Amino acid sequence: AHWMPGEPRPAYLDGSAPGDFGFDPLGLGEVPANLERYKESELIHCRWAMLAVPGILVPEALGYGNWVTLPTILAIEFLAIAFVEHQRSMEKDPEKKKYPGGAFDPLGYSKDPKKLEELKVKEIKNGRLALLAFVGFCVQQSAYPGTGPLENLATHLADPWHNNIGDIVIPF
Amino acid sequence: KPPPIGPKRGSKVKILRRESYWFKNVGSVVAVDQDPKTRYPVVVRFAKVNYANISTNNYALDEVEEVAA
Amino acid sequence: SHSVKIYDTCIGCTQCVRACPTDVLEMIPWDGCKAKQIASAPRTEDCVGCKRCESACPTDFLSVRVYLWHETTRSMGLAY
Amino acid sequence: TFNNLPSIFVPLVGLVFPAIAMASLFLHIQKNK
Amino acid sequence: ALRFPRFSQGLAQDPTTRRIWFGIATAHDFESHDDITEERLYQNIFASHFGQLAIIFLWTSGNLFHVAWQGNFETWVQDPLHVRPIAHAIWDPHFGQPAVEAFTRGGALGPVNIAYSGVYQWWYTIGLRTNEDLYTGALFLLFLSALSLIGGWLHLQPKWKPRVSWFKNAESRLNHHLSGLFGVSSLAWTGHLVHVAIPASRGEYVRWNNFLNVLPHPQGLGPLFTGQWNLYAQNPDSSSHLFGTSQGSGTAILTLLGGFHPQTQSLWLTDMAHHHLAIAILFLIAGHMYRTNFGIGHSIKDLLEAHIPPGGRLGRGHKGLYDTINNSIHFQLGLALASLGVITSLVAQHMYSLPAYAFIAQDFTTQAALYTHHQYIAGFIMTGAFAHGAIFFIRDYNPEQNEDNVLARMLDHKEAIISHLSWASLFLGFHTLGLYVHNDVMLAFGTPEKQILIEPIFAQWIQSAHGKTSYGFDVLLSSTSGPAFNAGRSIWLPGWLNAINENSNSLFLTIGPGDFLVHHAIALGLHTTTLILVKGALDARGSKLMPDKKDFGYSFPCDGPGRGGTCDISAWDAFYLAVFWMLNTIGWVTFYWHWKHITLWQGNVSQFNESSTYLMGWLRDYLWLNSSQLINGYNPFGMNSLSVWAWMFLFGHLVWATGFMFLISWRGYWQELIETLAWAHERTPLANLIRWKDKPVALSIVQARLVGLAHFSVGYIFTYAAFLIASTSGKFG
Amino acid sequence: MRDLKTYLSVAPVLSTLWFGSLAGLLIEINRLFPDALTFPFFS
Amino acid sequence: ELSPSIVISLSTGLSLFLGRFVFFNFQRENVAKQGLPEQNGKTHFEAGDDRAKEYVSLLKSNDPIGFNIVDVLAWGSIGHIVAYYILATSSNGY
Amino acid sequence: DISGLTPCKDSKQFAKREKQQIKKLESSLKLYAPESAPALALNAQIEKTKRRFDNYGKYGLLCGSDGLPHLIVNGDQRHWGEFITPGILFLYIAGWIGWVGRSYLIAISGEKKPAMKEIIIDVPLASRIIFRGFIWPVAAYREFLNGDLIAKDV
Ligand code: CLA
Ligand code: CLA
Ligand code: CLA
Ligand code: CLA
Ligand SMILES: CC1=C(/C=C/C(C)=C/C=C/C(C)=C/C=C/C=C(C)/C=C/C=C(C)/C=C/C2=C(C)CCCC2(C)C)C(C)(C)CCC1
Ligand SMILES: CC1=C(/C=C/C(C)=C/C=C/C(C)=C\C=C\C=C(C)\C=C\C=C(C)\C=C\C2=C(C)CCCC2(C)C)C(C)(C)CCC1
Ligand code: SF4
Ligand code: SF4
C-alpha cells in the first residue's frame, strides 16, 4: 500500500481513496478540490487509454495498420464527443462524476460495496498500467518511426539482450 | 499591575513595527517603563545600529513579540 | 508653510528644538513618556525645512517629521 | 508669392509670436485678482 | 488660486519665481491640482487627449503640406532611388550665400532639408502619387484636428460631460477599442491597400472620383462570399514588378508569398493587405469578449478573482485588482506605456529588418533615423511606464483593498527582486566589460588571436531555425526534411528564404562575437534600467531609510542629511538615474545598429566583425571614422550640406555638458550667488528703479535635476542625430 | 609583537599581502602557462 | 466545390444547436457567475452610467429556455466563422 | 566546423595573423645585435607567439573569417575546454571564496563586537577556515538540506 515503502505518505492521501499509494512527490494534490478533479481526470484518462491500447495491438496482430478526410470525420467526431463530454461536465456529485453507476453500470458489479471498492482498485491499477502502455506506444513510435508495438515486442523477444531501450537512451 | 507588564530585562524580542529599521529583527529588552500611561515603554537594545547610528529605541507592547529562544 | 508634525513616539529629549534654528518647535508637558514632555510645532510659518529637527530625533525612524509644502518667502529663507 | 510666403511667415512666427506669447505670458504670470 | 497657477494656491502663494516653473511642470498633474474631483480629473484627461490628437493630426498635416508645397515628391515618385526627399524648404535670413548654395538639393529652386523621416516612401507605398493628393490629405487632417478640438471642447461642457462611471467602463471600452479601433481600423487600412495602394502599385490611380467603379479584383466579392478566397492570390506580382507601373504586375490583392519585393527590397503590399485583414478578423473577434449591455461576455473582475491559483503560491491571486487598476489612472498609464514601448521597439526592430515601404531599405539615413527614433522613444516610454507604476504605488495603491494579492505579494519580495536584478546587472557589467577590456588589451598588445570571442551560437541557431544557411546547423528550416519547413513549403518559404539568405538586405544579419558582446551590453542596460526603475517603484511607498515615503509623494528632493543622507531617495530620482541608464542603453543599441548597418552598406562587414569586439574599434572605426565628413561640415575654407549637422552636433555636446551643471552643482551655491546678485541689483544705481516681482531663487533640487536631465537628454539625442544623419548622409554607403 | 601582528592582520595590509601573493601566483602561471584560451587537459 | 451556401447554413445551424440544446445552461451559468461588470462593488448602471442599462427588452425572449437574439447572434457568428474557415482551408489545395 | 567556423589548425587567415605578427616582431628585431638582451627578448616573444598560434591550432579552436579563435559556449563536448571545464574551475574557486567568507562571518557572529574582526581579520580563524572551502560543494549542499545555508526570518 505504498509506491516506495519507506517514504512518508502525505496527509491528504493515506489509503482510503481507490488507488491510493502515496505518490504525490511534487505536491500537486495538496488541496482537496484539485485532488478530486485529479482523480476524476485520472479515471477518464485511464478509461480512454484502456480503450486505446486494445485498439492498437489488435489491429497490429491481425491488420498491421501501424495506427497511422478531415472536414467531415473531424466534424462528426467533435459533434459526437463534445455532447458526451459536456453532459459529463454537467454532473456535480464527485463520486458520481468518477463512478456514475445507474445507466452506466449494468450487470450489477456495483451491487456489493466491498467488491465495488476492490473493482475500483482494479480499474485504477489497470488504467495506470494502460496509460503507461500508451506513453510507451507514443515514445516507441517516436524513437522507431516505422515500427509497431507488437513488432517491437517481437524485436525484443528475438534478441532481448541486444534490442532494448538502451540504443536510444545513451549516445555511445 | 505593580508587577512587570512587559518582557523581562534581557529577553530577546522581535519588532513587529513596520516603520522601524529593525523590523523583523531580534533585539534585547534592557528596560520596560512600568508606568501604566506611557505609550512605548519597551526600551530595546539591538546589536546593529540604524542609519542615525542609534542602537536603542522605545517600542510598545503590541509592537513587540518575544521569540521562542 | 511647511507642515511639521510630532508623533507620539517622542521621548522628550529636547534635541529637535535645541537644533531648530528658527524657533519653530517648543517642548510642552505630556503624559506618554518618562520625561513627561513632548515637542510641538506652533510656528510652522517660520519653518524653512532644514530638517535639523529630524536629523536629531533619536527614535526607530522618527517622531518629529517635516513635510515640504507651500514655500513662502520665510520658508524659502530669503533676506530679499 | 509662394516663394515670398516664408519671408512673411518666418519673421512673423519666430519673432512676433515670441513677442506676443512671452509678453502675454509674462503678464499672466505677473497678475493679481 | 490668485496668481498664474490657477490650479494650485500653494504656488500662487509663493512670492518667489519657483511658482512659474512649478505651474509649468505640474500643469498636467491633475490629481495633484487643488480643489478638484475624479470627474474633473477624467474629463480634463479626455479633453487633453483630444488636444493631443489635434496636435498629432496638425503635425501630420504640416508634414504633408510642406512636402507638397516645398518638396519634390512628384520628382521622387519617378526616380526614387536617385532623387533626394525634401522635408521642407528653409528661409533662414542669417544664411550666407555658400549656405544657400549648399542646401539646394533634390532639384529645388531654393534651400531645402532632406526628409530623413521616410514619409516619402510611406506615402508613395500607400498611393499618393501627386502633390494634390498630399494637399487633400493635409486639409482633411486639418479638418480632423479641428474635429478633435471641438470634440474636446464640447465634452468639457456640462451637457456633454461623461461621468466617472463611464470612464471606468473597462469592458465596453475594451470591446469597442479592440473591435473598432484595431480590427475595423486595420480592416479599413486593407480596404485602402486593396482599392488604392495596390492599384497604385499595379498602375492605375484609384481616387475618390473613380474608386466605386474600379474593381480591386476582376471578380468582385464573388470569391469572398463564395469562400473561394484563393482567387485573390492568383497573380502575385511575379518577381518582375516595377513599383508604380503595370510591367510584371498581377491581379492579386491578398497573398502570403512572404519575403521581399525584389525592386524595393520591401514587403509586398498584398502581404500587408492580407496581414491587416487577418489581424482585423482577430481583433474584431477579440473585441466581442468583455461583457456589455447585451447579456453575454466576460467580467474582468471575475476573470481576475477566478485566476487565483490553488496552492497559495501567488496568494490571493489577482483579487481586488480590477478595482485597483480601473480606479488608478497611473496603473492604466503604466501598463499602456509598457505595451507601447515594447511595440515601439518592435516597430524599430521590424522596420529595419522587414521594411514595409517602397525604397526605404535602399535609402540608408531614414532606415537609421527611424530605428534610432523609435528606440529612444521606446526607452523613454518604458521609463515612463515604470515611473507611472511608481506614482501608482504611492498615490493610487490601497494596500488593504489588495491585501496578500499578486500586487501585495509582489511588494513583499521587493528586496529579492532588487537583489537579483542587481546580480544580473552586476554579472553582465563585470563580465562583458572585462571581455571588451581583455580584447582592448590584446589588441594593445598586438595579439588579437588571444581575444575572448564567443560566437553567438543561440542567435545563430535561431537564424538557422529560420532559413539562414550561413552557419550549417540545418535545423527546422534549413533542414529540408524538417516538418516545419514542409508545412509552409508552398506558402511563404521560397520568398522568405531568398530574402533571409540574401546578404544585402538587413533582416537576420550575419552576427558574430561583437554582436554577442554588445547584446550582453544591451542586457546589462535593460536589466540595470529595470533595476533602477523597479527599485524606485517598490521602494516608492517606503524602505528602511524612509518608510513613510508615500506621505512625501513621488517627487520630493530628499529627506535631509539625517540618517546618513537622503539625496535622490525619491522614486522620481530612481526614474531620473534610470533615464541616464536608458539613454546609455539605447546609445549602445543604436551604436551597434548604425555600425553594423553602415559596415553592411559600405560592404565591409569585416570591419564590424573584427573591430566591434574591442572598444577602441568603436572609438576609432565608428565614432572617429564616421565623424570625418561631419565635423568638416564647415571648415575654415568653405562648408557643405553637413554644416547644420555639425552645428547640431556641437549644440548637443553643449547642452549635454550644461546638464552636468545642474547635476553636479546643486542648490545653495546658486542661492548664495543669487543673494549677492540681488544685493547688487538693489544697490546698483539706475537699476534700483527696476525691482523684480517674483523674488529670484535658485532652482529647486528636483527641478534642477529635471533641467539637467532635459539638457543631458536633448544633447544626447541631438548629438547622435547629427552624427548618425551626417555619417549616413555624407556617404549613403 | 602582538600589536604588530594585529596591524598586519588589518584589512588593507592583509589585503595587499593576499593580493601580492595571489598576483605573483597568477603572474607566474601566465609566464609558465602563457597565452591560454582553452583548457586542453581531458579536452 | 463545397457548395458555399450549404456548408455555411449547415455550420450555422450546427452552432445554434450546440448553443441552445447542448450547452446554453453552461453558458448562462458562467454568465450568472461572472455577473455584470461591476466597478467598486456595483454595476456601471448602478454607478451613474446612464448608457449601460443592460437591455432587457432585447433579452426578453419567450423561447422556453431563454435563447435571446443575442445568443442567436453569438451562435451564428461562430457558425459563419467555422463555415468560412472550412471553405477557405478547402479552397486551396494545401 | 560548427557555426560556419573553420578550425584554426586548417585556417588560412589564422596562419596569416601568425606570419604578420612574426614579421612585425622581426621588423623590430633588425635594429639590435642578435646576441644582446633586446634581440634575445624579441626572439623569446617570437617563439612565444609561434607556440601560442600552434597551441590554438592543436586544441581544435574554431577560427572565423577574421582569423581569430571564436569560443563555443553552447555545450559541445569538443569545446568544454572553452567554457564548461574552466567554468567549473571558476565556480569551484568562487564558491571557495564565498564559503570561507560566510563561515568566517558566522564564526565571528558570536563575538562581542564582531565588526572589529572584519577590520582586524582573525588570521588564525580564517586560516583554519581557509581550507574549509575546499569541500564547499558538499558542505553547502548539506547546509541547504539541513537548513543551515539559508537563514530563517526570525
Ligand atoms: C543664430 C543662430 C540661428 C538662428 C537664430 C536661426 C534661426 C532659424 N533657423 Mg537656423 N541655422 C543656423 C543658425 C541659426 N538659425 C545654422 C548655423 C544653421 C546651419 C547652417 C542653420 C540651419 C537651419 C535649417 C536647415 C533650417 C533653419 C531654420 C531656421 C528658422 C526656424 C523658424 C522658427 O521661427 O523657429 C521657431 C522655433 C522653434 C521651432 C524651436 C522649438 C523649440 C522651442 C525652443 C520651445 C518652445 C517653447 C514653448 C512650447 C512655446 C512657448 C512660446 C515660446 C515662443 C517661448 C529660424 C529663422 C529652418 C527654416 O528656415 O525654416 C523656416 C530650417 O529648416 N536653420
Ligand atoms: C469602436 C468605437 C470606438 C473607437 C473607434 C474609439 C476611438 C478612440 N478612443 Mg474610445 N471609447 C469608446 C469607443 C471607441 N473609441 C467607448 C465605447 C468608450 C466608453 C468608455 C470609449 C472611451 C474612451 C476614452 C476614455 C478615451 C478614448 C480615446 C480614444 C482615441 C484613442 C487615441 C487614438 O487615436 O489612438 C488610436 C490608436 C490606434 C488606432 C492604434 C494604436 C496601436 C497599433 C496597434 C500600433 C501599430 C500600427 C500603427 C498604427 C501603424 C502606423 C503606421 C503609419 C500609418 C504611421 C480614439 C479616437 C482616448 C481619446 O483620445 O479621447 C478622445 C480616451 O482618452 N476612448
Ligand atoms: C562608465 C560609467 C558607469 C559605470 C561603469 C556604471 C556602473 C554601474 N552602475 Mg551606473 N550610472 C552611471 C554611469 C555608470 N554606471 C551614470 C552616469 C548614472 C546616472 C547617475 C548611473 C546611475 C546608476 C544607477 C541609478 C544604478 C547604477 C548601477 C550600476 C552598477 C550596475 C551593475 C553593473 O553592471 O556593475 C558591474 C560592475 C561595474 C560596471 C564596475 C566596473 C569596474 C570594475 C569591474 C572594477 C574592478 C577594477 C579594479 C580592479 C578596481 C581597482 C581600481 C583602483 C582602486 C585601483 C554598476 C556599478 C545600478 C546598480 O548598483 O546595480 C547593482 C543602479 O541601480 N548606476
Ligand atoms: C572578466 C572578464 C575577463 C575574462 C573572462 C578574462 C579571461 C582571460 N584573460 Mg583577460 N583581462 C581582463 C578581463 C578578463 N580576462 C581585464 C579586465 C584585463 C585588464 C586588467 C585583462 C587583461 C589580460 C591580459 C593582459 C592577459 C589576460 C589573459 C587572460 C586569460 C587568462 C588565462 C590564465 O592565465 O589563467 C590560468 C589560471 C589561473 C591563473 C588560475 C589558477 C588558479 C589556481 C591554480 C587554483 C586552482 C587549483 C585548485 C587547487 C583546484 C584544483 C582542483 C582540485 C584540487 C579540487 C583568460 C582568457 C592572459 C591570456 O593568456 O590571454 C589569453 C593575458 O595575457 N587578460
Ligand atoms: C512599475 C509598475 C508598473 C509598470 C511596470 C512596467 C512598465 C512593466 C513592463 C513590463 C514589460 C515591458 C514586459 C515585457 C514582457 C515580455 C514578455 C513576457 C514576452 C514574452 C514573449 C513570448 C511568450 C514569445 C513567444 C513567441 C516567440 C518566442 C516569438 C515567436 C512567437 C511566439 C508567440 C511563439 C505597473 C503599472 C504595471 C504596476 C505597478 C508597478
Ligand atoms: C549548462 C551551461 C549553460 C546554461 C546553464 C543554465 C541556464 C544554468 C542555470 C542555472 C540556474 C537557474 C541556477 C539557479 C540558482 C538559484 C539559486 C537560488 C542558488 C542559490 C545558491 C546559493 C544560495 C549558494 C550560496 C553560496 C555558495 C554555495 C557559494 C559561495 C557561498 C554562498 C553562501 C554564496 C550554457 C548553455 C549557457 C553554457 C554552458 C554551461
Ligand atoms: S528630537 Fe524627537 S524625541 Fe527628541 S524631543 Fe524632539 S521630537 Fe521628541
Ligand atoms: S525643519 Fe528646520 S526650521 Fe523646521 S522645525 Fe525642523 S529644524 Fe526647525
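Residues numbered from 1 in each chain as written, not as in the entry; some residues may be left out. Chains lettered and ligands numbered in written order. Part of a larger assembly, values for the part shown. Heavy atoms only, no water. Residues with missing side-chain atoms left out of burial classes, pairs and counts.

Structure determination for this PDB entry is given in the record as cryo-EM, at a resolution of 3.25 Å.

A. The pattern of salt bridges, seen in detail. Residues and elements named next belong to chain A. By the definition in use, this model includes 54 salt bridges over all chains. Of the charged contacts in the structure, one is a salt bridge between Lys98 and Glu95, with a shortest N-O distance of 3.2 Å. Separated by three residues within a single helix, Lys98 and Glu95 lie in helix 4 (residues 94-98), roughly one turn from each other. The exposure class of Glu95 is partly exposed, given its relative accessible area of 41%. One salt bridge connects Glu118 with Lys122, and the closest N-O pair in it is separated by 2.5 Å. Residue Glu118 and its partner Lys122 are both found in helix 5 (residues 113-143); the two are separated by four residues, about one turn of the helix. (Salt bridge = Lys/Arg side-chain N within 4 Å of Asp/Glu carboxyl O. Helix = DSSP H or I, 4+ residues; strand = E, 2+ residues; numbered from the N terminus. Buried < 20%, exposed > 50% of the residue type's maximum accessible area, 1.4 Å probe, protein only.)

B. Broad picture of the site of ligand 7. Taken together, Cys10(C), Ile11(C), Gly12(C), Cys13(C), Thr14(C), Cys16(C), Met27(C), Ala39(C), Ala56(C), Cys57(C) and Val64(C) form the complete shell of residues around ligand 7. Tallied by class, residues from the shell around ligand 7 come to nine nonpolar, two polar and no charged. (Near = heavy atom within 4 Å. Nonpolar A, V, L, I, M, F, W, Y, C, P; charged D, E, K, R; others polar.)

C. How the structure looks around the interface of chain E and chain G. Facing the 33 residues of chain E at the interface are 35 residues of chain G. Broken down residue by residue, the surface that chain E buries against chain G is led by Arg291(E), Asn293(E) and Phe294(E), which jointly contribute 23%. Counting the contacts that link chain E with chain G gives three salt bridges. Note that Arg291(E) and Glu54(G) form a salt bridge whose closest N and O atoms lie 2.5 Å from each other. Linking chain E with chain G are 16 residue pairs in polar contact, by the criterion used here. Broken down by secondary-structure element, the contributors of at least two residues to the side of chain E that touches chain G are helix 8 (164-167), helix 10 (222-225), helix 12 (300-306) and helix 13 (321-326) of chain E. (Contact = heavy atoms within 4.5 Å. Buried area = accessible area lost by both parts, 1.4 Å probe. Polar contact = N/O pair within 3.5 Å; in protein donor to acceptor, adjacent residues only side chain to side chain.)

D. Broad picture of the site of ligand 8. Neighbouring ligand 8 are the residues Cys20(C), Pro21(C), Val24(C), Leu25(C), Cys47(C), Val48(C), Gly49(C), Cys50(C), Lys51(C), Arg52(C), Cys53(C) and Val66(C). Here the residues of the shell around ligand 8 are counted per class, giving nine nonpolar, one polar and two charged.

E. Region of interest: the UniProt feature "binding site: [4Fe-4S] cluster 2" in chain C. All names here are of chain C. In the UniProt entry, the feature "binding site: [4Fe-4S] cluster 2" is given for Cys20, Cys47, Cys50 and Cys53. On the basis of their most widely separated C-alpha atoms, the annotated residues across 34 residues gather in one place, lying no more than 10.6 Å apart. Taking the relative accessible area as the measure of exposure, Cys20 reaches 16% and is therefore buried. Tracing the chain through its elements places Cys53 in the loop between strand 3 (37-40) and strand 4 (64-67). If we skip the residues at most four places from it in the chain, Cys53 touches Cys16, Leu25, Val64 and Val66. (UniProt positions renumbered as here; feature names shortened; annotations may be inferred.)

F. Up close: the packing of helix 14 (residues 329-351) of chain E against helix 15 (residues 366-396) of chain E. All names here are of chain E. For the pair helix 14 and helix 15, interaxial distance at closest approach is 7 Å and the crossing angle is 165 degrees. Considering the angle they form, helix 14 stands roughly antiparallel to helix 15. For the crossing formed where helix 14 meets helix 15, the hand is left-handed. Here the residues of the contact of helix 14 with helix 15 are counted per class, giving 19 nonpolar, eleven polar and two charged. (Axes fitted to C-alpha atoms, helices over the stretch in contact; angles between N-to-C directions. Parallel < 35°, antiparallel > 145°, perpendicular 65-115°, else oblique. Left-handed = near helix turned anticlockwise from the far one by under 90°.)

G. Quick look at the state of the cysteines. On inspection of all chains with the given rule, the structure shows one disulfide over all chains. A disulfide bridge connects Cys8(H) with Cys63(H), and the sulfur atoms are separated by 2.0 Å. Taking the sign of the S-S torsion, about 100 degrees here, the bridge from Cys8(H) to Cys63(H) comes out right-handed. Of this pair, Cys8(H) sits in the loop between strand 1 (6-7) and helix 1 (12-27) while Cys63(H) sits in strand 2 (residues 62-63); the two residues are 55 residues apart in sequence, bridging distant segments of the chain. No disulfide involves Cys10(C); its sulfur sits 5.1 Å from that of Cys57(C), the nearest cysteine. (Disulfide = S-S within 2.5 Å.)

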